[PDB]
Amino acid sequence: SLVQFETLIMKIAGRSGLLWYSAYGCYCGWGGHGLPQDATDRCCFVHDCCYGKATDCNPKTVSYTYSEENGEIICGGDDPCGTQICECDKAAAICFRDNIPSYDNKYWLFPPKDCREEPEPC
């Protein structure tokens, strides 16, 4: 789930998804267009592309189970389509944590006006 996605971003990145990335660059919100404005904007694109390989479940309502053990998150559950969305979730929060150092607010509330190119293949 999205709820599950937000909680891994706080657990791992130590910042709110809502307040730090829901409207960051060309891909974190709506998406579908534009050129990745930076690293953090690229985390986002790589995130949609993975959700993209799931064709059997709703990436936003599907709920999964994860365990954390020796500071490592482990994806799981009775839904292989969920497990798969958790793994994608996991990687976007790590992706996020490590690109903070280059995070730029100039890309916060980025006008869609500037994100009209055609997206790059996944």
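Residue numbers here begin at 1 and follow the sequence given.
The question of which stretch, 94-102 or 110-118, has the higher mean Cα B factor is settled in favour of 110-118. For the pair 61-69 and 41-49, the mean Cα B-factor is higher in 61-69. Annotation for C26: C-alpha temperature factor in the lowest third relative to the rest of the modelled chain, per the entry. The entry lists a Cα temperature factor for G77 that places it in the highest third of the chain's modelled residues.
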